[PDB]
Protein chains: 2
Amino acid sequence: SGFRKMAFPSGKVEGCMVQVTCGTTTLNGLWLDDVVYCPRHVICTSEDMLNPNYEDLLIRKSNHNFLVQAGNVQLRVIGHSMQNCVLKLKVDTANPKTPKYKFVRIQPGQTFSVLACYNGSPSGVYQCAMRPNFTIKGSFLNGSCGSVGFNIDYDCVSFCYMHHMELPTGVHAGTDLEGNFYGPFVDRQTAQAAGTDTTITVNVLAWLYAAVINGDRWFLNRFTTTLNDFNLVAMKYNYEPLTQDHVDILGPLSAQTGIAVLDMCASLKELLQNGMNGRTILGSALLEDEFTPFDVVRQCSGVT
Amino acid sequence: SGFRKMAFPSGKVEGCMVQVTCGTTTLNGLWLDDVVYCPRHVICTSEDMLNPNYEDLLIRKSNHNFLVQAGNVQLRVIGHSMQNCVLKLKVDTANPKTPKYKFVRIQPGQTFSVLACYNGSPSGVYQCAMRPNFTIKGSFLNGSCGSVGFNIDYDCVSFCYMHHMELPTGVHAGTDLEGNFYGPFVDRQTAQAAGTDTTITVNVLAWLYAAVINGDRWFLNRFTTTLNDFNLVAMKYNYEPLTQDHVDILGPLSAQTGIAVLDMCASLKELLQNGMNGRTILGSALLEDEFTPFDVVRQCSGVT
Ligand SMILES: O=C(Nc1cncc2ccccc12)[C@@H]1CCNc2ccc(Cl)cc21
Ligand SMILES: O=C(Nc1cncc2ccccc12)[C@@H]1CCNc2ccc(Cl)cc21
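Definitions and limits used
Residues numbered from 1 in each chain as written, not as in the entry; some residues may be left out. Chains lettered and ligands numbered in written order. Heavy atoms only, no water. Helix = DSSP H or I, 4+ residues; strand = E, 2+ residues; numbered from the N terminus. Contact = heavy atoms within 4.5 Å. Areas by Shrake-Rupley, 256 points an atom, 1.4 Å probe, with all protein chains shown as cover. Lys, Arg positive; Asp, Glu negative; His and termini not counted. Charge placed at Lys NZ, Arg CZ, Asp CG, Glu CD. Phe/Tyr/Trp six-rings, centres within 6.5 Å; stacked < 30°, edge-to-face > 60°. Buried < 20%, exposed > 50% of the residue type's maximum accessible area, 1.4 Å probe, protein only. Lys NZ or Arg CZ within 6 Å of the ring centre and 35° of its normal. Near = heavy atom within 4 Å. Polar contact = N/O pair within 3.5 Å; in protein donor to acceptor, adjacent residues only side chain to side chain. Nonpolar A, V, L, I, M, F, W, Y, C, P; charged D, E, K, R; others polar. Buried area = accessible area lost by both parts, 1.4 Å probe. Salt bridge = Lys/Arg side-chain N within 4 Å of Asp/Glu carboxyl O. Pairing = 2+ DSSP bridges. Axes fitted to C-alpha atoms, helices over the stretch in contact; angles between N-to-C directions. Least-squares fit on C-alpha atoms.

For this coordinate set, the PDB header names X-ray crystallography as the determination method and states a resolution of 1.599 Å.

Caption draft 1: Examining the overall build of chain A more closely. From N to C terminus, chain A includes 8 helices and 13 strands. In chain A, 64% of the contacts between residues at least 6 apart in sequence involve partners at least 24 apart. Carbon together with sulfur atoms contributes 49% to the accessible area of chain A, which is approximately 12,900 Å² in total. Measuring between centres, the 22 positive side-chain charges of chain A sit 3 Å from its 26 negative side-chain charges.

Caption draft 2: Representation of the packing of aromatic side chains. Residue and element names in this part refer to chain A. Going through the model one piece at a time under the given rule, you end up with 16 aromatic pairs over all chains. Here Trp218 and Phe219 contribute two aromatic rings whose centre-to-centre distance is 5.9 Å and whose plane-to-plane angle is 85°, an arrangement assigned as edge-to-face. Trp218 sits in the partly exposed class, given a relative accessible area of 31%. Overall, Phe219 belongs to the buried group, its relative accessible area being 4%. Here the aromatic residues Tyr37, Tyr101, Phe103 and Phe159 are joined through ring pairs into a cluster of three or more. For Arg40, the ring lying beneath its charged end belongs to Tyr54, and the centroid distance is 3.8 Å.

Caption draft 3: Expanded view of the site of ligand 2. Inspection of the region around ligand 2 gives 15 residues, with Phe140, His163, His164, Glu166 and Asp187 of chain B positioned closest. Each of chains A and B places residues next to ligand 2. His163 of chain B is positioned such that a nitrogen or oxygen atom in its side chain is 2.9 Å from a nitrogen atom of ligand 2. For ligand 2, whose unbound accessible area comes to 510 Å², protein coverage reaches 81%. Each residue belonging to the shell around ligand 2 can be placed in one class, and the counts come to 5 nonpolar, 7 polar and 3 charged.

Caption draft 4: Representation of unusual backbone geometry. Unlike most non-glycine residues, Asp33 of chain A shows phi in positive territory, near 60°. Judged by relative accessible area, which is 34%, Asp33 of chain A ranks as partly exposed.

Caption draft 5: Spatial organisation of the interface of chain B and chain A. Contact with chain B, which involves 42 residues of that partner, is made by 42 residues of chain A. Summing both partners gives a buried area of about 3,000 Å² for chain B against chain A, and 53% of it is carried by carbon and sulfur. Where chain B touches chain A, the interface holds 2 salt bridges. Here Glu290 of chain B and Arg4 of chain A are joined by a salt bridge, their closest N and O atoms 2.9 Å apart. Across the contact surface, chain B and chain A share 23 residue pairs in polar contact. Mapped onto the side of chain B that touches chain A, the elements with two or more residues apiece are α1 (11-14), β9 (111-118), β10 (121-129) and α8 (293-301) of chain B. The element contributing the most residues to the side of chain B that touches chain A is β10 of chain B, with 8 residues. In terms of residue class, the side of chain B that touches chain A is built from 17 nonpolar, 19 polar and 6 charged.

Caption draft 6: Examining the sheet that holds strand β5 (residues 73-75) of chain A more closely. Residue and element names in this part refer to chain A. Judged by pairing direction, the sheet is antiparallel, and its 7 strands sit side by side in the order β5-β4-β1-β2-β3-β7-β6 without closing on themselves. One side of each edge strand has no neighbouring strand; the edge strands of this open sheet are β5 and β6 (77-83). Recorded for the sheet is a direction-independent mean angle of 30° between the axes of neighbouring strands. For strand β4 (residues 66-70) and β5, the ladder comprises 3 bridges, and the chain directions are antiparallel. Counted as the bridge partner of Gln69 is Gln74 from β5.

Caption draft 7: Just the relation of the copies chain B and chain A, in detail. Least-squares fitting of chain B to chain A yields an RMSD of 0.0 Å, with the transformation described by 0.0 Å of translation along the axis and a rotation of 180°. As the rotation angle and translation indicate, the two copies are arranged about a two-fold axis. Nearest to the rotation axis, the C-alpha of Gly11 of chain B is located 1.8 Å from it, this being the minimum over chain B. The residues that chain B uses at the interface reappear at the interface of chain A in 100% of cases, marking a shared surface.

Rendered as structure tokens:
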């Protein structure tokens, strides 16, 4: 028993982290096979970031201008290309530590682990979610760009995120491994509206099922609701509307606990309308939404 | 900016995890050099755990009865010995992935990362603290025994915890890597009193400094207090008494923000007496205590 915000073991990703320097800028890159992936803003100075023409800036750069270091050894760059907001640096050596991998573009509300890196060296690993407004609430300092988000399925690492920037609001924006930003964000130092950050309803319900499984049951009530009645409450509290697809994904948790999804919705409705009254659920005084239904099942079953 | 419950990158520890089987019991072990460390209760059945005589049970076991598997390869056991509540299995092969390591017995209130494992395979990594009552609030299922807690300083892994048991209360007890339990716990299935779980005051203050650094400032007030006045409040709220040693450890954070330690104590005093009034600090609706002052500095400076 016990429920923690658990991240995937980061070893497979640590073996892919490299340092990329271009001119006076240094950030992290991801070395898989003979390609190093990194944010294209490695070619920029702070002066350039106000309004950069990436194509014009990249023309002034050659393979020898991209310094790629894996630990204490230098990689030889034999090709460079820009794909959306990422640079792909072809090197002459395949990473001997390349795990089985995929590049995936996750959905808002899905979770992933982040391996925060500086100068190609990992500092820590934490779990987070892609918010409905396509930002992530991470922990990144200057130099963390190029740090990646990922999920692991047995031996296969699915890379879903590459860190690019911090918005003036203190939240984070980045791209998938094809260089496309999640959300409307651009790699420019300009005013960028994140959008309303709603609560991921299906994840709160999954975490409520995790609470019951691990003994926290005080919030269970004698009520039920309907999807339309529950959604009127979810609208009022800036929660995502719950759909039958979400009900279906909560099926296994509903089966494990014997608590119908709509009965758990009535518990959540009452918690939204009445608050926690100073009580906690799984060591939290607020409703947690960065655990998907898959995460709760995985953690409660011990998948390695 | 941003503040997360960050764990150390687990790669160095993943390379040490092995599966240990004895009779019908399977748990995890830690392979460093030519020794595999695991909980001594690997020699027990469920029948034995009610009142085991470890010395008498171990006499019936030989080197060939301890099955040690590293991935898909079998390790040859050439020696076995019991040190406190851990077994040390000498194998004929040094772990080629052994990192620089130390065995350390941490203090209550200190934090560490846990790599939860099942059948010698890692499932996840999370950060936690040794509670003042010497329990840890982890996430462990049956088969997780032998999973380890650790800290990393540049290239050196300091192993501080090995998981042994779950108390009927749902909290966790374990040993240092010399096999000595943290707290009064014994490796027996019996009624065990955890003790009052107090809040780690120095860690709450460090997290309050982390909040100010990352922009959350609403809780700052026009007041100050003294150590003795603050401690009267800390006593009432089951908080650890704050000492001048704790004030001294908060020195760098106090210097960084320009907020005197006793002024931050007055902010904490007011939060204890008045609550959060529905507000949050660093995404939390309660006072967080599993970030040491060293952790806040490390995360806010980007140490790799
Ligand atoms: O945001 C960026 N980097 C960071 C990333 N994360 C956390 C940071 C914390 C503190 C300083 C920098 C941080 C960079 C720096 C310049 N401005 C800028 C503008 C657009 C783009 Cl694409 C990248 C950047
Ligand atoms: O506690 C133990 N293991 C576990 C460890 N962690 C989380 C568990 C969750 C669910 C079932 C088992 C779990 C073992 C099992 C038997 N009882 C027992 C008694 C004493 C000692 Cl030293 C070990 C044990």
